[PDB]
Every structure is written in C-alpha cells, then in structure tokens.
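Data block for input-v5.txt (compact mmCIF, C-alpha atoms and all ligand atoms):
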```
# COMPACT_ATOMS: atom_id res chain seq x y z
CA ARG A 2 83.44 146.12 152.39
CA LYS A 3 86.17 146.89 154.94
CA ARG A 4 85.56 149.36 157.76
CA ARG A 5 88.49 150.13 159.98
CA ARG A 6 89.98 152.43 162.57
CA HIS A 7 92.62 154.95 161.50
CA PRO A 8 95.46 155.92 163.89
CA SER A 9 96.12 159.66 164.44
CA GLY A 10 99.42 160.27 166.21
CA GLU B 32 99.54 162.54 197.25
CA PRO B 33 100.99 159.49 195.28
CA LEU B 34 99.37 157.87 192.22
CA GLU B 35 99.28 154.20 193.31
CA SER B 36 97.49 154.45 196.72
CA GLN B 37 94.91 156.97 195.51
CA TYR B 38 93.68 154.93 192.47
CA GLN B 39 93.02 151.19 192.07
CA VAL B 40 94.19 150.33 188.53
CA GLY B 41 92.22 147.86 186.48
CA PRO B 42 92.49 146.55 182.92
CA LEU B 43 93.76 148.14 179.74
CA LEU B 44 90.91 149.84 177.81
CA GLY B 45 93.06 150.51 174.75
CA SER B 46 96.32 151.73 173.22
CA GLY B 47 97.74 153.27 170.00
CA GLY B 48 98.42 156.77 168.58
CA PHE B 49 96.96 157.99 171.94
CA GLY B 50 98.93 155.87 174.49
CA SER B 51 97.93 153.29 177.10
CA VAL B 52 94.64 153.86 178.90
CA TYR B 53 93.51 151.84 181.90
CA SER B 54 90.22 151.51 183.68
CA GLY B 55 90.42 152.57 187.30
CA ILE B 56 88.45 153.52 190.38
CA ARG B 57 89.26 156.46 192.63
CA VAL B 58 89.57 154.99 196.10
CA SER B 59 88.34 158.19 197.85
CA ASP B 60 84.79 157.49 196.64
CA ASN B 61 84.91 154.58 194.08
CA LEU B 62 84.39 156.93 191.13
CA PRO B 63 85.06 155.25 187.80
CA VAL B 64 88.12 156.76 186.12
CA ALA B 65 90.27 156.21 183.05
CA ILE B 66 94.05 156.41 183.68
CA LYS B 67 95.93 157.53 180.58
CA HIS B 68 99.70 157.24 180.35
CA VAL B 69 101.78 159.25 177.82
CA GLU B 70 105.57 158.76 177.32
CA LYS B 71 107.44 162.05 177.57
CA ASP B 72 109.65 160.94 174.62
CA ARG B 73 106.53 160.75 172.36
CA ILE B 74 105.13 164.24 173.18
CA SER B 75 105.89 166.90 170.52
CA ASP B 76 103.69 169.73 171.83
CA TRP B 77 104.31 171.31 175.26
CA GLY B 78 102.55 174.17 177.03
CA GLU B 79 102.73 175.94 180.38
CA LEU B 80 99.93 176.22 182.97
CA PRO B 81 98.76 179.22 184.99
CA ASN B 82 100.64 177.33 187.80
CA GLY B 83 103.86 177.85 185.78
CA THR B 84 105.06 174.21 185.76
CA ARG B 85 105.56 172.81 182.20
CA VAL B 86 103.10 170.23 180.80
CA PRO B 87 102.09 168.51 177.58
CA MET B 88 99.68 170.57 175.50
CA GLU B 89 97.09 167.89 176.03
CA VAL B 90 97.01 168.79 179.71
CA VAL B 91 96.85 172.48 178.97
CA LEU B 92 93.93 171.90 176.58
CA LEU B 93 91.98 169.57 178.95
CA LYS B 94 92.16 172.10 181.81
CA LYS B 95 90.92 174.80 179.52
CA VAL B 96 87.78 172.79 178.66
CA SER B 97 87.20 170.84 181.84
CA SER B 98 85.48 173.95 183.20
CA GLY B 99 82.04 172.80 184.33
CA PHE B 100 79.71 170.19 182.83
CA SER B 101 79.77 169.27 179.13
CA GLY B 102 80.03 166.89 176.20
CA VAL B 103 83.81 166.97 176.71
CA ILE B 104 85.70 164.47 178.84
CA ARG B 105 86.85 165.93 182.18
CA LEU B 106 90.46 165.81 183.43
CA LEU B 107 90.11 165.02 187.13
CA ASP B 108 93.86 165.12 187.97
CA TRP B 109 97.33 164.42 186.49
CA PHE B 110 100.81 163.41 187.65
CA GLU B 111 104.32 163.75 186.33
CA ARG B 112 106.57 160.65 186.47
CA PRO B 113 110.22 160.38 185.37
CA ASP B 114 109.42 159.33 181.76
CA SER B 115 105.71 160.02 181.48
CA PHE B 116 102.60 161.93 182.47
CA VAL B 117 99.59 160.16 183.86
CA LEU B 118 96.18 161.72 183.27
CA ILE B 119 93.15 160.78 185.37
CA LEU B 120 90.00 161.22 183.29
CA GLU B 121 86.27 160.74 183.83
CA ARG B 122 84.86 157.37 182.86
CA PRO B 123 81.19 156.99 182.03
CA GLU B 124 79.86 153.50 182.68
CA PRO B 125 78.37 151.80 180.77
CA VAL B 126 80.03 153.27 177.71
CA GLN B 127 80.74 152.48 174.03
CA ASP B 128 82.78 154.43 171.55
CA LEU B 129 80.99 155.71 168.49
CA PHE B 130 83.25 153.74 166.17
CA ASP B 131 82.29 150.34 167.66
CA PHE B 132 78.71 151.55 167.97
CA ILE B 133 78.48 152.28 164.21
CA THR B 134 80.31 149.01 163.40
CA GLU B 135 77.82 147.00 165.44
CA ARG B 136 74.66 148.83 164.32
CA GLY B 137 75.56 150.00 160.82
CA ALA B 138 74.15 153.20 159.33
CA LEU B 139 72.26 155.12 162.00
CA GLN B 140 68.72 156.26 161.68
CA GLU B 141 68.64 159.97 160.95
CA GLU B 142 66.89 160.83 164.23
CA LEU B 143 69.74 159.21 166.07
CA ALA B 144 72.40 160.72 163.83
CA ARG B 145 70.78 164.12 164.42
CA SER B 146 70.87 163.83 168.23
CA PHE B 147 74.46 162.60 168.20
CA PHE B 148 75.73 165.13 165.70
CA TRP B 149 74.01 167.94 167.56
CA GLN B 150 75.73 166.91 170.77
CA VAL B 151 79.09 166.74 168.94
CA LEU B 152 78.45 170.27 167.63
CA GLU B 153 77.74 171.58 171.14
CA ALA B 154 80.91 169.94 172.48
CA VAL B 155 83.10 171.42 169.71
CA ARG B 156 81.55 174.88 170.28
CA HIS B 157 82.49 174.42 173.91
CA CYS B 158 86.08 173.69 173.02
CA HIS B 159 86.19 176.67 170.67
CA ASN B 160 84.67 178.96 173.36
CA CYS B 161 87.41 177.81 175.73
CA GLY B 162 90.19 178.58 173.17
CA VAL B 163 90.76 174.92 172.24
CA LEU B 164 90.82 173.27 168.81
CA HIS B 165 90.56 169.49 169.07
CA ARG B 166 91.98 168.56 165.59
CA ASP B 167 90.94 164.93 165.73
CA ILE B 168 87.15 164.83 165.67
CA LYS B 169 86.09 161.30 164.64
CA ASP B 170 83.85 158.46 165.80
CA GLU B 171 86.78 156.84 167.61
CA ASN B 172 87.16 159.93 169.83
CA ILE B 173 83.52 160.03 170.90
CA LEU B 174 82.15 158.08 173.85
CA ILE B 175 78.46 157.33 174.31
CA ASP B 176 77.13 157.08 177.88
CA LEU B 177 74.62 154.41 177.12
CA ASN B 178 72.31 155.13 180.08
CA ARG B 179 72.20 158.99 179.81
CA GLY B 180 72.34 159.21 175.98
CA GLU B 181 75.16 161.74 176.30
CA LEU B 182 78.21 161.95 174.06
CA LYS B 183 81.69 162.91 175.30
CA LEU B 184 84.59 164.09 173.16
CA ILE B 185 87.84 162.47 174.13
CA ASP B 186 91.54 162.56 173.25
CA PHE B 187 92.92 166.05 172.98
CA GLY B 188 96.42 164.72 172.25
CA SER B 189 96.44 166.16 168.72
CA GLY B 190 94.80 169.48 169.68
CA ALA B 191 96.08 173.09 169.79
CA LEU B 192 95.24 176.45 171.22
CA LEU B 193 92.61 177.91 168.85
CA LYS B 194 94.01 180.73 166.64
CA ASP B 195 92.66 182.65 163.68
CA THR B 196 95.91 182.43 161.68
CA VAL B 197 97.01 179.51 159.54
CA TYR B 198 98.05 176.08 160.88
CA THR B 199 100.94 174.36 159.07
CA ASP B 200 101.28 171.34 161.45
CA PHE B 201 98.83 168.43 161.90
CA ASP B 202 98.92 165.02 163.65
CA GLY B 203 95.25 164.09 163.72
CA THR B 204 93.62 161.53 161.53
CA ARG B 205 94.27 161.89 157.81
CA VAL B 206 90.97 160.50 156.53
CA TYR B 207 89.19 163.24 158.50
CA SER B 208 91.68 165.91 157.37
CA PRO B 209 90.59 168.46 154.79
CA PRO B 210 91.63 168.90 151.23
CA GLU B 211 93.62 172.09 151.86
CA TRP B 212 95.81 170.07 154.28
CA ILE B 213 96.28 167.23 151.74
CA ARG B 214 97.27 169.56 148.86
CA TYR B 215 98.94 172.50 150.60
CA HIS B 216 99.77 171.49 154.18
CA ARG B 217 97.77 174.52 155.45
CA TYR B 218 94.35 174.95 157.09
CA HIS B 219 92.38 177.26 159.33
CA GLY B 220 90.98 175.74 162.51
CA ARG B 221 87.26 176.25 162.27
CA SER B 222 86.92 175.39 158.63
CA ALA B 223 89.04 172.22 159.05
CA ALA B 224 86.86 171.28 162.02
CA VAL B 225 83.71 171.64 159.93
CA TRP B 226 85.13 169.39 157.20
CA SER B 227 85.84 166.72 159.79
CA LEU B 228 82.27 167.05 161.11
CA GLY B 229 81.08 166.48 157.54
CA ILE B 230 83.08 163.21 157.48
CA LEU B 231 81.61 162.25 160.86
CA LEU B 232 78.05 162.93 159.78
CA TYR B 233 78.48 160.87 156.58
CA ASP B 234 79.99 158.17 158.76
CA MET B 235 76.89 158.21 160.97
CA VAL B 236 74.27 158.14 158.22
CA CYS B 237 76.12 155.76 155.87
CA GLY B 238 77.93 153.43 158.29
CA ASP B 239 81.48 154.31 157.26
CA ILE B 240 83.47 157.36 156.25
CA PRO B 241 83.29 158.57 152.65
CA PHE B 242 86.98 158.72 151.78
CA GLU B 243 90.02 156.54 152.33
CA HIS B 244 92.48 157.90 149.72
CA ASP B 245 93.94 161.38 149.19
CA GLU B 246 92.54 161.57 145.68
CA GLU B 247 89.04 161.00 147.06
CA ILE B 248 89.61 163.67 149.79
CA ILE B 249 90.59 166.33 147.22
CA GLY B 250 88.18 165.10 144.49
CA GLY B 251 85.04 166.85 145.76
CA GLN B 252 82.53 164.06 145.14
CA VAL B 253 80.28 162.57 147.80
CA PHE B 254 78.58 159.33 146.69
CA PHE B 255 75.89 158.16 149.12
CA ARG B 256 75.92 154.41 149.68
CA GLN B 257 72.81 154.44 151.86
CA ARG B 258 69.45 156.03 151.58
CA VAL B 259 69.95 159.49 153.10
CA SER B 260 67.38 162.32 153.06
CA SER B 261 68.07 165.25 150.69
CA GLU B 262 68.35 167.71 153.60
CA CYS B 263 70.99 165.58 155.26
CA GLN B 264 72.97 165.04 152.01
CA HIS B 265 72.91 168.84 151.57
CA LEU B 266 74.37 169.42 155.01
CA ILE B 267 77.06 166.80 154.50
CA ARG B 268 77.92 168.28 151.12
CA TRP B 269 78.09 171.84 152.50
CA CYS B 270 80.43 170.69 155.32
CA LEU B 271 82.62 168.97 152.66
CA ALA B 272 82.81 171.94 150.31
CA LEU B 273 86.27 171.90 148.76
CA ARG B 274 86.84 175.66 149.30
CA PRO B 275 87.05 176.26 153.08
CA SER B 276 85.33 179.65 152.86
CA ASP B 277 82.36 177.81 151.27
CA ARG B 278 81.82 175.62 154.35
CA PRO B 279 79.17 176.54 156.94
CA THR B 280 79.83 178.10 160.32
CA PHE B 281 78.74 176.14 163.40
CA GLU B 282 75.72 178.42 163.58
CA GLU B 283 74.69 177.65 160.01
CA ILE B 284 75.09 173.95 160.70
CA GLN B 285 72.92 174.22 163.79
CA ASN B 286 70.26 176.28 161.94
CA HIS B 287 70.23 173.87 159.00
CA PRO B 288 66.77 172.44 158.38
CA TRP B 289 68.04 168.89 158.85
CA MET B 290 69.11 169.84 162.42
CA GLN B 291 65.72 170.97 163.79
CA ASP B 292 63.63 169.14 166.48
CA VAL B 293 66.64 167.31 167.97
CA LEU B 294 65.92 164.71 170.65
CA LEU B 295 67.01 165.39 174.25
CA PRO B 296 69.76 163.05 175.54
CA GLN B 297 67.33 161.09 177.75
CA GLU B 298 64.88 160.69 174.88
CA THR B 299 67.80 159.45 172.75
CA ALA B 300 68.78 156.79 175.34
CA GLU B 301 65.16 155.75 175.80
CA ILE B 302 64.34 155.37 172.06
CA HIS B 303 67.63 154.26 170.59
CA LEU B 304 69.88 152.98 173.33
CA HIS B 305 67.94 150.82 175.92
CL CL A 401 98.24 163.66 157.76
NA NA A 402 88.47 149.22 186.74
```
Can the structure in the file be given as structure tokens, please?
Amino acid sequence: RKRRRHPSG
Amino acid sequence: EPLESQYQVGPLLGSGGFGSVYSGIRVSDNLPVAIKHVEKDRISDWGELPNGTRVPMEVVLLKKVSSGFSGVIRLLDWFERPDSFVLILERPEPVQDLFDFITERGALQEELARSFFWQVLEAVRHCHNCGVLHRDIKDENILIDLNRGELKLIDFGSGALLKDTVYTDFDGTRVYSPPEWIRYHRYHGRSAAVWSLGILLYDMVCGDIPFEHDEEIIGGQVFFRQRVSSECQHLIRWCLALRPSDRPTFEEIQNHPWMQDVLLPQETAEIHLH
C-alpha cells in the first residue's frame, strides 16, 4: 500500500 | 566574512517545500554542516532580531531555540544575499531521516518507538520553552544520529512565535494538521502540536500515518493496521481526540504508562541502530 512524503510549504 | 571561502560546498541533500539544502564542511575546523538556501520571494513570514536587522521568521525561530544543546537542530550562522538567505546548520553524520528510516524498517518495535517519541517530546518542550511553535512535526523533519541514537528536529520554516491565542494561518503539512484546522481554519498551538505527535506516534508503531484524506482527519476513527499494545493505542487515541481540549498536555503524555522506562539514547543506538 503506498507510503509517501507530503510537502508542507 | 564571505560565504564561499568559509564553507566548502558539497552535494545537494534535498529540496522541496523547504528549499535547497547542501552538504558542506566548515573550513575553519572541518565541521560537517548543512547549507540551506531560501529564496526571498518565497518567504511569507518575516521577523526582526535583537540585532534589529530584518530576517525570515525561520531565522528568528532557530536563534530562539539554538540556545545550548538539544534535540533541535542548531543554526551555526546565516547570510543575506541579494535574492536569498543562506542558513548554516549542524549536520550529524552518519544520519537518516525518520521518514526513510520507517520506510526501510517498517513498523518500529515499541521500545524503539518509545525512545524516539520521548526524544521528540523533549525537543518540542524545548521549542515551547523558548517561545517557538514548530508547526510541522513529522517523520520527514526528524533526523536520527545513527551513532549517538539522538533525534534532531529540523525545518522551522513553517513555525511561529508561540502564543496562547488562536492561529488562523498554517503552511505545515496537511496530513499532520488537526481537525479543527481542516473544518474551521483555526487552532491553538499546543493542542495542534499534540495532534501531530499522535500522527507521528501512529506512524512509528504502524509504519505509515493513519490519515491521508480530510474526511479521515475529521472522522475520529483510528484503525490499527499493526499489532500495537493497548497502552500505546490509548496514548495515540488520546493525542488524536477530536476536541482539542480533550487532548493530553505534554506532561500527561510523558506520564502516560506507555512512556515509562524509556531507553537512553546510547542504549537506543546500541540495541536498535548498530
Ligand atoms: Cl493545509
Ligand atoms: Na559535504
């Protein structure tokens, strides 16, 4: 199942 | 005095909603550094120093916390250029960020989650004692010094001065943001921080964050996808209480039964990291 980063900015 | 002769610049470590960060070595004494560049055009929050010269809030916030030794990254120096500010930060070596660490290892053993989470708690208390609210606590913004077993909080670019009144602005990470921000575009600092720590702890013990969509964030249901002790699930669930006033204080978190008998940082490196 897909684990990913998440941008803040 | 000038930036180029005083640091040897090495390779890009990363870039994104934070900027462009290079590995470097301070020539004075070969100290490992990280050289972060931020475009002036992309900075929305500005402060002023005791000096009186005007800087990005990020610089204001790093000076306020870089007082002494801690689980917060230290600002060694900074420079103003025509279209940017360059920040010279500490660089532990060898290092891995907690996001890659959890990707590589999967769900962490509770003993290891406990030591890490405890150290994140101490770092955030530090920021709060120094008048700083980070606003972007997440695995991506935590470095692990692999030899010392010490965690460092990085990237204060979304932070603010800590206040007790309401915040109506936010530029941190949405999947760590609390339900009161999602629905009403308002939060209080401490209680929002505790929610994000709840996300981080679930992330540690389960191997990924609990929520991706708004509807999940506001829905108030934590499904555990890994075997997690009852005491730990209780702490996570308390941190992710929908009503902010129902969340625990940092003290209550640190006195929680699941938090007792934490490993020292050296013990953590020795058992879990070498
Ligand atoms: Cl958002
Ligand atoms: Na380098």
Give me, as CSV, the closest atom pair and its distance (Å, one decimal) for every residue of chain A within a cut-off of 12 Å of ligand CL 401 (chain A), counting all atoms listed in the file, rows sorted by chain and rising number.
```
residue,atom,partner,partner_atom,distance
A:7,CA,A:CL401,CL,11.0
A:8,CA,A:CL401,CL,10.3
A:9,CA,A:CL401,CL,8.1
A:10,CA,A:CL401,CL,9.2
```
Quiz prompt | Atomic separation - CA of residue 256 in chain B relative to CA of residue 143 in chain B, Å | solution = 18.2 Å
Exercise. Could you give me the residues within 8 Å of ligand NA 402 (chain A), counting all atoms listed in the file, as a PyMOL selection string?
Key: chain B and resi 39-42+53-56+63-64
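Shortest separation to residue 4 in chain A among B:58, B:124, B:240, B:179 occurs at residue B:240, atoms counted being only C-alpha atoms.
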Exercise. Determine, counting all atoms listed in the file, which protein, DNA and RNA residues have an atom within 6 Å of an atom of residue 162 in chain B; residues of the same chain fewer than 3 positions away are not included. Present the result as an MDAnalysis selection string.
Key: chainID B and resid 159 192:193
What does the file look like for those residues with C-alpha atoms, as a PDB file, in the coordinates of the input?
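out.pdb, freshly written:
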```pdb
ATOM      1  CA  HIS B 159      86.190 176.670 170.670  1.00  0.00           C
ATOM      2  CA  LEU B 192      95.240 176.450 171.220  1.00  0.00           C
ATOM      3  CA  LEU B 193      92.610 177.910 168.850  1.00  0.00           C
TER       4      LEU B 193
END
```
Exercise. Tell me, as a PyMOL selection string, which residues lie within 9 Å of range 154-157 of chain B, counting all atoms listed in the file; anything in the same chain fewer than 4 positions away does not count.
Key: chain B and resi 96+101-103+149-150+161-165+168+182-184+224+281
Could the residues in this selection be saved with C-alpha atoms as a short mmCIF file (atom, residue, chain, number, x, y, z; two decimals), in the frame of the given file?
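Output saved as out.cif:
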```cif
data_model
loop_
_atom_site.label_atom_id
_atom_site.label_comp_id
_atom_site.auth_asym_id
_atom_site.auth_seq_id
_atom_site.Cartn_x
_atom_site.Cartn_y
_atom_site.Cartn_z
CA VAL B 96 87.78 172.79 178.66
CA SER B 101 79.77 169.27 179.13
CA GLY B 102 80.03 166.89 176.20
CA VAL B 103 83.81 166.97 176.71
CA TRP B 149 74.01 167.94 167.56
CA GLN B 150 75.73 166.91 170.77
CA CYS B 161 87.41 177.81 175.73
CA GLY B 162 90.19 178.58 173.17
CA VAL B 163 90.76 174.92 172.24
CA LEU B 164 90.82 173.27 168.81
CA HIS B 165 90.56 169.49 169.07
CA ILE B 168 87.15 164.83 165.67
CA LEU B 182 78.21 161.95 174.06
CA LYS B 183 81.69 162.91 175.30
CA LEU B 184 84.59 164.09 173.16
CA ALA B 224 86.86 171.28 162.02
CA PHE B 281 78.74 176.14 163.40
#
```
Can you sort out the box for range 3-7 of chain A, edges along x, y and z, all listed atoms in, 3 Å on every side, with centre and edge lengths in Å to one decimal, as AutoDock Vina command-line options?
```
--center_x 89.1 --center_y 150.9 --center_z 158.8 --size_x 13.1 --size_y 14.1 --size_z 13.6
```
At most 12 Å is the cut-off: for each residue in chain B with any atom that close to an atom of chain A, write down the nearest atom pair and the distance in Å rounded to one decimal, counting all atoms listed in the file, chain first then increasing number, as a tab-separated table.
```
residue	atom	partner	partner_atom	distance
B:46	CA	A:8	CA	10.3
B:47	CA	A:8	CA	7.0
B:48	CA	A:10	CA	4.3
B:49	CA	A:10	CA	6.6
B:50	CA	A:10	CA	9.4
B:69	CA	A:10	CA	11.9
B:73	CA	A:10	CA	9.4
B:74	CA	A:10	CA	9.8
B:75	CA	A:10	CA	10.2
B:76	CA	A:10	CA	11.8
B:128	CA	A:6	CA	11.7
B:129	CA	A:6	CA	11.3
B:130	CA	A:6	CA	7.7
B:131	CA	A:6	CA	9.5
B:133	CA	A:4	CA	10.0
B:134	CA	A:4	CA	7.7
B:135	CA	A:4	CA	11.2
B:137	CA	A:4	CA	10.5
B:166	CA	A:9	CA	9.9
B:167	CA	A:9	CA	7.5
B:168	CA	A:9	CA	10.4
B:169	CA	A:7	CA	9.6
B:170	CA	A:6	CA	9.2
B:171	CA	A:6	CA	7.4
B:172	CA	A:9	CA	10.5
B:186	CA	A:9	CA	10.3
B:187	CA	A:10	CA	11.0
B:188	CA	A:10	CA	8.1
B:189	CA	A:10	CA	7.1
B:190	CA	A:10	CA	10.9
B:201	CA	A:10	CA	9.2
B:202	CA	A:10	CA	5.4
B:203	CA	A:9	CA	4.6
B:204	CA	A:9	CA	4.3
B:205	CA	A:9	CA	7.2
B:206	CA	A:7	CA	7.6
B:207	CA	A:7	CA	9.5
B:208	CA	A:9	CA	10.4
B:234	CA	A:4	CA	10.5
B:237	CA	A:4	CA	11.6
B:238	CA	A:4	CA	8.7
B:239	CA	A:4	CA	6.4
B:240	CA	A:4	CA	8.4
B:241	CA	A:4	CA	10.8
B:242	CA	A:4	CA	11.2
B:243	CA	A:7	CA	9.7
B:256	CA	A:2	CA	11.5
```
Quiz prompt | Coordinates-based distance that separates CA of residue 158 in chain B from CA of residue 92 in chain B (Å, one decimal) | solution = 8.8 Å
Quiz prompt | Non-local contacts of residue 289 in chain B (8 Å; only C-alpha atoms; under 3 positions in same chain excluded) as a PyMOL selection string | solution = chain B and resi 145+262-263+266
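CA of residue 121 in chain B lies 14.0 Å from CA of residue 90 in chain B.
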Exercise. Could you give me, as a list in words, the residues within 6 Å of residue 66 in chain B, counting all atoms listed in the file and dropping anything in the same chain fewer than 2 positions from it?
Key: residues 52, 53, 118 and 119 of chain B
Exercise. Counting all atoms listed in the file, find the residues whose atoms lie at most 12 Å from (81.7, 172.5, 152.0) (file coordinates) and write them out as an MDAnalysis selection string.
Key: chainID B and resid 209:211 222:230 249 251:253 264:280 283:284
Output C-alpha atoms of each residue in that selection to a file, as a PDB file, in the frame of the given file.
```
ATOM      1  CA  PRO B 209      90.590 168.460 154.790  1.00  0.00           C
ATOM      2  CA  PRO B 210      91.630 168.900 151.230  1.00  0.00           C
ATOM      3  CA  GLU B 211      93.620 172.090 151.860  1.00  0.00           C
ATOM      4  CA  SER B 222      86.920 175.390 158.630  1.00  0.00           C
ATOM      5  CA  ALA B 223      89.040 172.220 159.050  1.00  0.00           C
ATOM      6  CA  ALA B 224      86.860 171.280 162.020  1.00  0.00           C
ATOM      7  CA  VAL B 225      83.710 171.640 159.930  1.00  0.00           C
ATOM      8  CA  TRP B 226      85.130 169.390 157.200  1.00  0.00           C
ATOM      9  CA  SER B 227      85.840 166.720 159.790  1.00  0.00           C
ATOM     10  CA  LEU B 228      82.270 167.050 161.110  1.00  0.00           C
ATOM     11  CA  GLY B 229      81.080 166.480 157.540  1.00  0.00           C
ATOM     12  CA  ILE B 230      83.080 163.210 157.480  1.00  0.00           C
ATOM     13  CA  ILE B 249      90.590 166.330 147.220  1.00  0.00           C
ATOM     14  CA  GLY B 251      85.040 166.850 145.760  1.00  0.00           C
ATOM     15  CA  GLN B 252      82.530 164.060 145.140  1.00  0.00           C
ATOM     16  CA  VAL B 253      80.280 162.570 147.800  1.00  0.00           C
ATOM     17  CA  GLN B 264      72.970 165.040 152.010  1.00  0.00           C
ATOM     18  CA  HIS B 265      72.910 168.840 151.570  1.00  0.00           C
ATOM     19  CA  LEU B 266      74.370 169.420 155.010  1.00  0.00           C
ATOM     20  CA  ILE B 267      77.060 166.800 154.500  1.00  0.00           C
ATOM     21  CA  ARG B 268      77.920 168.280 151.120  1.00  0.00           C
ATOM     22  CA  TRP B 269      78.090 171.840 152.500  1.00  0.00           C
ATOM     23  CA  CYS B 270      80.430 170.690 155.320  1.00  0.00           C
ATOM     24  CA  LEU B 271      82.620 168.970 152.660  1.00  0.00           C
ATOM     25  CA  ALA B 272      82.810 171.940 150.310  1.00  0.00           C
ATOM     26  CA  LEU B 273      86.270 171.900 148.760  1.00  0.00           C
ATOM     27  CA  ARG B 274      86.840 175.660 149.300  1.00  0.00           C
ATOM     28  CA  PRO B 275      87.050 176.260 153.080  1.00  0.00           C
ATOM     29  CA  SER B 276      85.330 179.650 152.860  1.00  0.00           C
ATOM     30  CA  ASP B 277      82.360 177.810 151.270  1.00  0.00           C
ATOM     31  CA  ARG B 278      81.820 175.620 154.350  1.00  0.00           C
ATOM     32  CA  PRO B 279      79.170 176.540 156.940  1.00  0.00           C
ATOM     33  CA  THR B 280      79.830 178.100 160.320  1.00  0.00           C
ATOM     34  CA  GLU B 283      74.690 177.650 160.010  1.00  0.00           C
ATOM     35  CA  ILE B 284      75.090 173.950 160.700  1.00  0.00           C
TER      36      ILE B 284
END
```
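Restricting the calculation to all atoms listed in the file, the smallest distance between residue 177 in chain B and any of B:244, B:115, B:78, B:127 is found for B:127.
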Missing atoms in range 166-179 of chain B: fill them in up to N, CA and C atoms and send the result as a PDB file, in the frame of the given file.
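Generated output (rebuild-v6.pdb):
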```pdb
ATOM      1  N   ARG B 166      91.167 169.028 166.721  1.00  0.00           N
ATOM      2  CA  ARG B 166      91.980 168.560 165.590  1.00  0.00           C
ATOM      3  C   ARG B 166      91.928 167.061 165.289  1.00  0.00           C
ATOM      4  N   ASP B 167      91.096 166.340 166.001  1.00  0.00           N
ATOM      5  CA  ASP B 167      90.940 164.930 165.730  1.00  0.00           C
ATOM      6  C   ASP B 167      89.529 164.440 165.964  1.00  0.00           C
ATOM      7  N   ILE B 168      88.550 165.219 165.506  1.00  0.00           N
ATOM      8  CA  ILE B 168      87.150 164.830 165.670  1.00  0.00           C
ATOM      9  C   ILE B 168      86.897 163.619 164.763  1.00  0.00           C
ATOM     10  N   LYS B 169      86.437 162.526 165.359  1.00  0.00           N
ATOM     11  CA  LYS B 169      86.090 161.300 164.640  1.00  0.00           C
ATOM     12  C   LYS B 169      85.338 160.377 165.581  1.00  0.00           C
ATOM     13  N   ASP B 170      84.672 159.380 165.011  1.00  0.00           N
ATOM     14  CA  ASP B 170      83.850 158.460 165.800  1.00  0.00           C
ATOM     15  C   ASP B 170      84.653 157.781 166.904  1.00  0.00           C
ATOM     16  N   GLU B 171      85.914 157.453 166.629  1.00  0.00           N
ATOM     17  CA  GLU B 171      86.780 156.840 167.610  1.00  0.00           C
ATOM     18  C   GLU B 171      87.000 157.684 168.848  1.00  0.00           C
ATOM     19  N   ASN B 172      86.915 159.003 168.714  1.00  0.00           N
ATOM     20  CA  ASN B 172      87.160 159.930 169.830  1.00  0.00           C
ATOM     21  C   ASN B 172      85.873 160.491 170.389  1.00  0.00           C
ATOM     22  N   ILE B 173      84.802 159.702 170.283  1.00  0.00           N
ATOM     23  CA  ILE B 173      83.520 160.030 170.900  1.00  0.00           C
ATOM     24  C   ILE B 173      83.003 158.855 171.684  1.00  0.00           C
ATOM     25  N   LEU B 174      82.754 159.081 172.978  1.00  0.00           N
ATOM     26  CA  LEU B 174      82.150 158.080 173.850  1.00  0.00           C
ATOM     27  C   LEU B 174      80.670 158.336 174.005  1.00  0.00           C
ATOM     28  N   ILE B 175      79.904 157.251 174.062  1.00  0.00           N
ATOM     29  CA  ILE B 175      78.460 157.330 174.310  1.00  0.00           C
ATOM     30  C   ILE B 175      78.211 156.745 175.698  1.00  0.00           C
ATOM     31  N   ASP B 176      77.604 157.538 176.585  1.00  0.00           N
ATOM     32  CA  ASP B 176      77.130 157.080 177.880  1.00  0.00           C
ATOM     33  C   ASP B 176      75.803 156.454 177.568  1.00  0.00           C
ATOM     34  N   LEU B 177      75.749 155.138 177.665  1.00  0.00           N
ATOM     35  CA  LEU B 177      74.620 154.410 177.120  1.00  0.00           C
ATOM     36  C   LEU B 177      73.324 154.626 177.933  1.00  0.00           C
ATOM     37  N   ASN B 178      73.453 154.935 179.217  1.00  0.00           N
ATOM     38  CA  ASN B 178      72.310 155.130 180.080  1.00  0.00           C
ATOM     39  C   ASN B 178      71.719 156.569 179.997  1.00  0.00           C
ATOM     40  N   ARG B 179      72.593 157.564 179.902  1.00  0.00           N
ATOM     41  CA  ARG B 179      72.200 158.990 179.810  1.00  0.00           C
ATOM     42  C   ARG B 179      71.988 159.508 178.358  1.00  0.00           C
TER      43      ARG B 179
END
```
